[PDB]
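Below: the structure, in C-alpha cells.
Values below: every heavy atom of this structure, side chains too, minus hydrogens, waters and symmetry copies. So you know, we letter chains A, B, ... as the sequences are listed, proteins then strands, and number each from 1. Counting starts at 1 for both ligands and their atoms, following the listed order.
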Number of protein chains: 2
Amino acid sequence: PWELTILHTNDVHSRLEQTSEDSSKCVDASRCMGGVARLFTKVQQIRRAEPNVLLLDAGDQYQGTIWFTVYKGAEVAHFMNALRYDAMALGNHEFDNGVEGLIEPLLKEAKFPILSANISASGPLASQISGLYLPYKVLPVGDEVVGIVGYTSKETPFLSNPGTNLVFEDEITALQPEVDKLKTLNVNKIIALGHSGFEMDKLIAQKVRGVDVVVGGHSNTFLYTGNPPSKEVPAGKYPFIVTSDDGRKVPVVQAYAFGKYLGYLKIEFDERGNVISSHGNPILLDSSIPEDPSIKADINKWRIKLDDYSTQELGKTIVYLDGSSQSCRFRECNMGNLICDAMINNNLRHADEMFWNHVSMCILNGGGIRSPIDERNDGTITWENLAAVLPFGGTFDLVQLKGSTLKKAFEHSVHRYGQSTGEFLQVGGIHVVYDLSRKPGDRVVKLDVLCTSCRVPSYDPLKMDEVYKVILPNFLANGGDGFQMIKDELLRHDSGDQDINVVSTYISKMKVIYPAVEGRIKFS
Amino acid sequence: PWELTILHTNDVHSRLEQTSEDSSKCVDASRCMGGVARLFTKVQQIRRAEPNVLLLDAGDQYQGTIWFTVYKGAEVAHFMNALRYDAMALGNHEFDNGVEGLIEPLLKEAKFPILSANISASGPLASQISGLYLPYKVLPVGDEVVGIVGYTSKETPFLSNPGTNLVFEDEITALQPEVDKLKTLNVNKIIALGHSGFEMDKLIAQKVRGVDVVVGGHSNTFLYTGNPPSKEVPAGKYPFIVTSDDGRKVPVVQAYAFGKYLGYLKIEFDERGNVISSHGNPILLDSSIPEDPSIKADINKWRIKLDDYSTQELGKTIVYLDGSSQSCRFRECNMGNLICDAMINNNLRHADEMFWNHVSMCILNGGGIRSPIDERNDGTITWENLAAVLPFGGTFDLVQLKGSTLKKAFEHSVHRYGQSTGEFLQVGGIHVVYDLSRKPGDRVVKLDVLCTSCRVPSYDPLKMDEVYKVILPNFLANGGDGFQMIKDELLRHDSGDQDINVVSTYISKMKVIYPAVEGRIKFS
Ligand SMILES: O=[N+]([O-])c1ccc(O)c(O)c1
Ligand SMILES: O=[N+]([O-])c1ccc(O)c(O)c1
Ligand SMILES: O=[N+]([O-])c1ccc(O)c(O)c1
Ligand SMILES: O=[N+]([O-])c1ccc(O)c(O)c1
Ligand SMILES: [Ca+2]
Ligand SMILES: [Ca+2]
Ligand SMILES: [Zn+2]
Ligand SMILES: [Zn+2]
Ligand SMILES: [Zn+2]
Ligand SMILES: [Zn+2]
C-alpha cells in the first residue's frame with residue numbers, strides 16, 4: 001500500500017500570531033496556542049518522519065485581525081510560502097477586498113497553486129485572471145501523483161465582495177467533469193479541497209464519483225476521534241465517513257478555525273487509487289510545541305507596522321461615543337447605533353431587482369460594548385480606541401432567524417431588566433418598544449423591522465413565521481449572554497468580518513461621524 | 001469738486017451666465033438678465049463716459065451654480081480679471097473650500113487686490129498667506145488716490161469652512177486703526193468695502209471715523225431711489241444715509257445679489273476728502289443691454305466642461321429615491337430624508353465644548369422636491385438627475401426660529417392636508433406626530449428635536465421660547481408655500497450653499513446611499 005499524510009488547515013482567519021485558548025489576543029504565553037511559528041515547528045517535524053506529505057489549506061486565510069487590515073494578504077502569501085504549503089482552495093473571505101485584492105497580494109505572490117473549479121469569469125476579467133487560480137492541480141508526491149480539485153461556497157456573493165463578473169457554480173455540477181477528466185489522464189488519487197461547509201463537504205463525498213477524500217472548511221467544524229484535547233466539542237468522528245453513491249467509504253475532514261489545530265489524516269491507497277484505510281486526528285497546537293525562532297523573529301519584524309498603524313487616526317467623531325454600561329445595558333446608546341450601522345454597511349452586497357440589500361437588520365448585546373470613546377482628543381478615533389470597545393477578537397456574523405426566534409431574543413433582552421446584565425440589545429434596522437410593567441416574556445409591545453424586498457426601505461411589523469437575515473456577534477450566534485434560542489433555532493449561520501475591522505472601515509469611509517440616540521428602542 | 005463713480009457688485013454667487021428674472025436658469029433669452037458678458041458691456045460703456053471710476057466687489061463670488069462646483073473659483077479669477085475689477089472684499093462663501101480653496105484659485109490668480117482687515121492667521125498659515133489678502137489698498141484714480149479698507153462677516157466660521165486657524169475679529173474694532181493709519185498717510189478719501197450685511201454696514205458708517213462711503217453685501221439688500229425697475233422691493237433709499245458719530249452724512253450702498261444689478265454711485269469730494277454729495281441707483285442688467293460677444297464666446301467655451309460634468313456619476317443609490325409628490329406631499333419620503341441629511345452634513349462647522357454641532361435641524365417643503373430618481377441605471381446618480389429634483393437654483397439657508405414659530409410651521413404643513421399641496425414638510429433632526437382628526441392649527445401632538453448643546457445627540461420636546469437653528473430652502477425663508485410666519489418671525493437668516501451642490505457633495509462623500517423611511521413623521 002502507498003500511504004499519504006494530509007496535513008490541513010482551514011479558516012485560519014489572520015491568526016498569524018499565537019492566540020489565547022478562545023482564539024483572541026494571547027495574554028498568558030504559557031496557555032497560548034497556534035500561530036504560524038508553532039505550526040512551522042509541527043509541520044517540519046512531521047515532514048522529517050513521513051515520506052509522502054501534502055500540506056493543504058481549505059481557504060479563509062484572509063480576514064480576522066489587524067494583520068489583514070494592514071498587510072491585505074501580503075502576510076498570507078509570505079507566511080504560507082515560508083511554511084511551504086502545497087495547495088490552497090479559495091474561501092469566501094479571499095474576496096473581501098474584491099477580485100483586485102485577491103489577484104495582487106495573493107494569486108501573484110503564492111508559490112503554490114490556488115484552486116477553485118466552480119468560479120468562472122467573463123469579459124476582460126476572464127483574460128486578466130486566466131491561470132492565476134486553477135480548477136485542479138496534479139502534484140508529484142514520491143514516485144506517485146495526487147490530483148487536488150478545488151471548490152468555493154456558491155454563497156460567496158452574499159458573504160464577501162467578489163463583484164458582478166465572477167459566477168459561483170453549484171459545487172457538485174462543476175467538480176464532477178474535472179474529476180472525470182483526471183481519471184482519463186490516469187490520475188487515480190483525488191482530493192477535493194474546498195470551502196463550502198461540512199454539509200456540502202458530505203454531499204460532495206457522496207455524489208462526486210472518484211473523489212477519495214474531502215478536505216473542507218467554512219463551517220469551523222471540529223471533528224475528533226476520542227477524548228477531545230481542548231474546549232471544542234466534536235461534531236463527529238475524525239475522519240467523518242460518508243458512503244458514496246458508488247458504494248465506497250469516503251473520509252471527510254475539517255480542522256476547526258483560527259490555526260488552533262493542524263489536521264492530520266493518514267490514508268492508505270492500493271495500486272488502483274482506492275482508499276484501503278484512513279485514520280488520524282487534528283493536533284492541538286498548544287504551548288508544548290515551541291514556536292520556530294526564525295518565523296517568530298520575522299513575525300516580530302512584521303508587527304512593527306501593526307503597532308504604528310494602531311495609533312493612527314482612522315477618522316473623527318464630533319460626538320461623545322457613549323459605550324458606557326450605564327447607557328448600553330439600559331437604553332439605546334449611540335455607540336450601539338454606530339456599531340450596528342457599521343455592521344449593516346459592511347454587509348452591503350450586490351442585489352437583484354428583488355431587494356435593495358439582502359440584509360437590513362442588526363442586534364448587538366450591550367455586554368459586548370466594553371468602553372466609550374471620548375471626542376475631545378481633537379475628535380480622533382484610532383484602532384487602539386476601537387480595541388477598548390471591542391476587545392475579544394470576535395466577528396459580526398450573518399444568520400437567518402424566524403421572527404418568533406427574534407421576538408424571544410427581545411424578550412430575553414429585558415427579562416430581568418434593571419440589573420446591568422449583558423443581554424440588553426442595541427439595534428439597527430429594528431425599532432422595538434418595551435413595556436416593563438408586563439410579565440417577563442411578554443414585555444415586547446411593538447417590534448418593527450426594515451424591509452429588504454422593497455425598493456424604498458421602510459419599517460413593517462415583525463412576522464412570526466418569516467425568516468429574517470440578521471447581523472450579530474458570533475458570541476450571540478453561539479448562545480452567549482443567555483441567547484440559547486438563537487443558537488438552537490437559527491436556520492443558517494456564516495462567519496463574518498472581524499468586529500474592530502468592521503467599525504474601523506465604516507469610520508474611515510464616513511470620515512466624520514455623529515451617531516445620535518434616535519428612538520430605535522423605547523419604553524412605555 | 002472731484003467726482004468719483006463707484007460701480008459695485010456683491011453676492012454674485014456664481015451667476016457667470018445670464019439668468020431668469022428670479023436668478024434661476026435662463027429659459028426665455030428676451031427676458032434674461034445679468035451674467036458677466038452683459039456686465040462687461042455696461043462697465044465698458046460707463047468707463048468711456050466717466051473719468052474717475054472704480055469697479056468693486058463686496059464678496060461672495062464663490063458658491064451658487066455648477067460653475068463653482070466644476071471650476072472652484074478659477075472662473076471667478078478669470079472673469080473678474082476680464083472685467084478689470086479694481087478691488088474685492090472677502091465674503092463668507094470665499095471660505096467654502098477652506099483656506100486652501102481660497103489661496104490657490106483666487107488669491108494667487110486675481111489681478112486686483114483682495115481685502116479684509118478683520119481676518120488674522122497664526123502659525124505656519126500666517127506665513128503662507130501673508131500679503132495674499134490685505135487690510136486695505138490705496139488706489140490711484142486720476143491725479144488722486146482712494147483708500148479701500150475691507151471687512152468680512154465675523155460669523156464666517158458658522159457660515160463657511162475657514163478652518164480653526166483664522167480668527168474673524170469684530171469689524172469696527174479691526175477697521176478703525178486701519179482708517180486712522182490711512183489718515184496719517186494723507187489718504188483723505190476712504191471706502192469701506194466688505195461683507196457683513198446691511199445692519200453691520202450701517203454701524204460701520206456710524207462708528208468708524210473717517211469712512212466716507214460703505215459698499216456692502218451678504219444680506220442681498222436691494223436699495224433704490226424712485227420706482228423700482230423689477231420685482232425686488234427696496235429696503236430703503238439708494239444710497240442709505242447714516243449720520244456718523246463725527247456728525248457727517250455717510251452713504252451706504254448694496255446691489256441685491258446674483259449679478260442682476262450693477263450698483264452705481266456718484267460721489268463729489270472736496271479738496272479735504274469730505275463728501276459734498278452722493279447720488280445714484282443700481283442699474284438693472286436686462287436684455288436691452290447686449291452681452292459682449294467676446295466674453296459670451298469665452299463663457300460658451302468654459303461651458304463645455306460643465307456639460308461633460310453634468311452627466312458623470314457622482315455616486316450610487318441602492319434604493320429608489322422617492323421624490324414623487326404622491327409620497328413627499330403626504331408622508332415621510334426617502335428623497336426628503338436624503339436632502340435634509342445632506343443639508344445637515346453641509347452645515348457641520350467647527351464646534352466648542354458647548355455643542356457637537358451648531359445646527360441639528362432641517363425642514364424641506366414637499367413642493368420643492370420635483371422628481372424621483374430611479375436606482376436601476378446601475379445605481380448611478382448624476383448632476384442632471386439632481387437638477388430634475390431641485391430645478392430652481394435656490395440655496396439651503398440657515399435661520400434662527402423660536403419654537404413657537406416652528407410649531408406654527410408644522411401646523412401650516414398639515415392645515416389643509418389631503419390636497420397634494422406643497423407646504424407638507426420633510427425633516428431632519430425633528431420627529432413630528434400629527435393627529436389629523438384635530439382642528440387645523442391644533443394637529444401637531446408631538447414635536448421632538450435633536451439637541452445641539454449636548455455631547456450625545458438625542459431628542460427633546462420642542463420648547464416654545466427656545467431659539468433653534470434650522471436649515472431650510474431660501475424659498476421658505478422668504479415665506480414661500482404660505483410660510484409667512486417663518487419670514488415674519490425669524491431672528492436671523494444667512495444665505496447658504498446651492499441646493500443641488502449640497503446634495504451632490506453628500507452623495508459623492510457617501511459613495512453609496514440607501515435612505516429609508518424611518519418614522520421622522522407619523523400620524524395618529
Ligand atoms: O492592535 N495592535 O496594536 C496590535 C495587534 C497585534 C500586534 O502584534 C501588534 O504588534 C499590535
Ligand atoms: O463579551 N460579552 O458580550 C460579555 C462579556 C462579559 C460579560 O459578563 C457579559 O455578560 C458579556
Ligand atoms: O447643469 N448643466 O448641465 C449645465 C449648467 C449650465 C451650463 O451652462 C451648462 O452648459 C450645463
Ligand atoms: O418650488 N416650490 O417649492 C414650489 C413650486 C411650485 C408649487 O406649486 C409649490 O407649491 C411649491
Ligand atoms: Ca481513487
Ligand atoms: Ca474723507
Ligand atoms: Zn471562515
Ligand atoms: Zn468561509
Ligand atoms: Zn452671499
Ligand atoms: Zn455672504
Side-chain angles (χ1 to χ4, degrees), chain A residues 14-19 24 26-27 35 64-71 75 296 299-312 314 382-388 390-391 393 498 500-501 504, chain B residues 14-19 22 24 26-27 35 64-71 75 296 299-312 314 325 328-329 339 363-371 382-394 413 416 419-426 472-483 498-501 504:
Chain A
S14 205
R15 300 310 203 285
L16 280 293
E17 295 178 75
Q18 65 183 348
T19 71
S24 59
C26 173
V27 171
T65 76
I66 194 174
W67 286 83
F68 185 65
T69 308
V70 171
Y71 288 116
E75 74 291 2
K296 181 175 187 65
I299 286 284
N300 287 342
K301 180 183 68 158
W302 283 57
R303 285 174 60 204
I304 296 165
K305 285 183 186 168
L306 307 182
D307 294 336
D308 295 343
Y309 180 86
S310 74
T311 61
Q312 291 175 6
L314 294 168
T382 72
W383 184 278
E384 185 170 71
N385 298 149
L386 296 176
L390 296 166
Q498 190 210 45
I500 298 164
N501 201 45
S504 66
Chain B
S14 205
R15 300 310 203 285
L16 280 293
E17 295 178 75
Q18 65 183 348
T19 71
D22 74 354
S24 59
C26 173
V27 171
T65 76
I66 194 174
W67 286 83
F68 185 65
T69 308
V70 171
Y71 288 116
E75 74 291 2
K296 181 175 187 65
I299 286 284
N300 287 342
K301 180 183 68 158
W302 283 57
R303 285 174 60 204
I304 296 165
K305 285 183 186 168
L306 307 182
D307 294 336
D308 295 343
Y309 180 86
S310 74
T311 61
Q312 291 175 6
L314 294 168
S325 58
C328 301
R329 298 187 183 203
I339 297 168
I363 66 173
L364 170 62
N365 57 309
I369 302 173
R370 307 299 292 188
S371 183
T382 72
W383 184 278
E384 185 170 71
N385 298 149
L386 296 176
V389 186
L390 296 166
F392 299 120
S413 173
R416 56 174 173 172
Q419 292 187 42
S420 201
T421 56
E423 62 272 8
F424 190 80
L425 292 174
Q426 304 295 321
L472 45 59
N474 67 303
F475 177 72
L476 295 193
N478 292 324
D481 262 339
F483 287 93
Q498 190 210 45
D499 52 19
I500 298 164
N501 201 45
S504 66

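Atom numbering of ligand 4 starts at 1 in the shown order; those under 4.0 Å from a heavy atom of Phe392(B) are 1 (O). Interface of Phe475(B) with ligand 4, defined as ligand atoms under 4.0 Å from a residue heavy atom, comprises 2 (N), 3 (O). Listed by atom number, the atoms of ligand 4 under 4.0 Å from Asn365(B) heavy atoms are 3 (O). Heavy-atom proximity to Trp383(B), at under 4.0 Å, picks out these atoms of ligand 3: 1 (O). Every atom of ligand 3 is numbered from 1 in the order shown, and the set under 4.0 Å from a heavy atom of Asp307(B) is 9 (C), 10 (O), 11 (C).
The distance from the CD atom of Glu17(A) to the CG atom of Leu306(A) is 7.0 Å, given to the nearest 0.5 Å. Expressed to the nearest 0.5 Å, how far CZ of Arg15(B) lies from SG of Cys26(B) amounts to 12.5 Å. One finds the CG atom of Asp499(B) at 8.5 Å from the CD1 atom of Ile339(B) (value rounded to the nearest 0.5 Å).
Proximity of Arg370(B) to ligand 4 is established by a heavy-atom distance of less than 4.0 Å.
Formation of a donor-acceptor pair under 3.5 Å by the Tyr71(A) side chain with backbone atoms of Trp302(A) is found in this model. No donor-acceptor pair closer than 3.5 Å links the side chain of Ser371(B) to the backbone N or O of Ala388(B). A donor-acceptor pair under 3.5 Å is formed between the side chain of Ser413(B) and the backbone N or O of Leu425(B).
Under 4.0 Å from ligand 4, not a single heavy atom of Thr421(B) appears. By the criterion of a heavy-atom distance under 4.0 Å, the side chain of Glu17(A), and not its backbone, is placed next to ligand 1.
The shortest N or O to N or O distance between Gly367(B) and ligand 4 is under 3.5 Å. Not one N or O of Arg329(B) is nearer than 3.5 Å to an N or O of ligand 4, by distance alone. Among the atoms of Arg303(A), some N or O lies under 3.5 angstrom from an N or O of ligand 1.
The closest protein non-hydrogen atom to atom 10 (O) of ligand 4 is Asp481(B) OD1, 2.6 Å.
Per-atom contact check: atom 8 (O) of ligand 4 does not touch the protein, criterion being a heavy-atom distance below 4.0 Å.
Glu423(B) and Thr421(B) share a side-chain donor-acceptor pair at under 3.5 Å.
Closest approach of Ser310(A) and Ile66(A) over heavy atoms only: CB-CD1, 4.3 Å.
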Assess whether side chain to side chain donor-acceptor pair (under 3.5 Å) is satisfied between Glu384(B) and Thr382(B), documenting all intermediate values.
CA-CA 5 Å; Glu384(B) 185 170 71; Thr382(B) 72; 4.8 Å; no
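Of the listed options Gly393(A), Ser310(A), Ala387(A), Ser310(A) places a heavy atom closest to atom 3 (O) of ligand 1.
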